[PDB]
């Protein structure tokens, strides 16, 4: 078929706006978790989150913003940053050969609260005629395609936590299959709202360490008690190798493998033994044509949950056996929390950055490491030149998506 390489990184995260800011912040071990300021969460049991600080008006026409939900606002910003980072201009690209695939897990959460309120106080005939267009998941992809005139395939995947990776792997296929030569792919999420944090709180899936926001998300530690909700977006420029070299593009790495599986276990609980995750990682290795021992880094899913963090480690030890002990594993979520639908995309960015820069991002807050999970979780940034790395995403529902990256 064709090789597919990453040539643009558009990162909008809780610890940095822009791919470079994100990388420097990772190396510093910065935390993007803080008391919630987006709205008054005093009445809630969870009052912390990884909020993004960005001026949309600095990227989009402030006049149009009013008809764009925050999740679409983040996707457009990340896509612009991505194109800029790739050194492209819509005009210098054949619009028919450019696809778009930015997924989301929830979509227009703020719009849902605003309009559902209208619906209740004034009736169904007072709902805004922009409700549907602002809230549905496919509007991130659609808006990006419309803004730049990209007429290549425009799709959207919604698989909760596996969204970002599923979307990237699906774009990988799109280019390998010849349906497009370049694709802006990734994920966006804007669910830091009363109803969403409330919902995840009543589900007991979130950390309640309101007293120490920056220390709440602590994956693989003995005191881990649930994840922290983050927000943001990750849009990467995927490109056929030939198209990249022909324009002299800076290549960050090559996307060589895509593996997926299903736990087929429970609605919100992952398989305690990581049987699904093990299967998805094994499929990513097979798809990329490499052996377990050729991998030197794994950007874990590690959301900081008792059952989940362990299921992953057990799955890693199962797939890498004797090699697991030689692996380096770190969780970006320790710093930016869980970006849900955007998680897989932004983490793919971090994973590509570690290969390109030759430095492995740390898993902060690893103060009380759990002895049952004997893997190297990189408590501090480490200079290392790996050839292959995996990016894991094991979502609610049982959707497992793994990406394999190769150092170019």
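Residue numbers count along the first chain shown, from 1.
As recorded in the PDB entry, 83-91 is the stretch of 108-116 and 83-91 with the greater mean C-alpha temperature factor.
The deposited model assigns a higher average Cα B-factor to 320-328 than to the other stretch when 264-272 and 320-328 are compared.
Per the PDB record, 372 has a higher Cα B-factor than any other of 51, 347, 69, 372. Per the PDB record, 215 has a higher Cα B-factor than any other of 173, 215, 143, 126. Sort the chain's modelled residues by C-alpha temperature factor and residue 57 lands in the highest third, per the entry. When all modelled residues of the chain are sorted by CA temperature factor, residue 9 is found within the lowest third. Ranked against the other modelled residues of its chain, the C-alpha B-factor of residue 341 as given in the entry falls in the lowest third. Sorting the modelled residues of the chain by their CA temperature factor places residue 187 in the lowest third. Per the deposited record, the Cα B-factor of residue 365 falls in the middle third when ranked against the other modelled residues of its chain.
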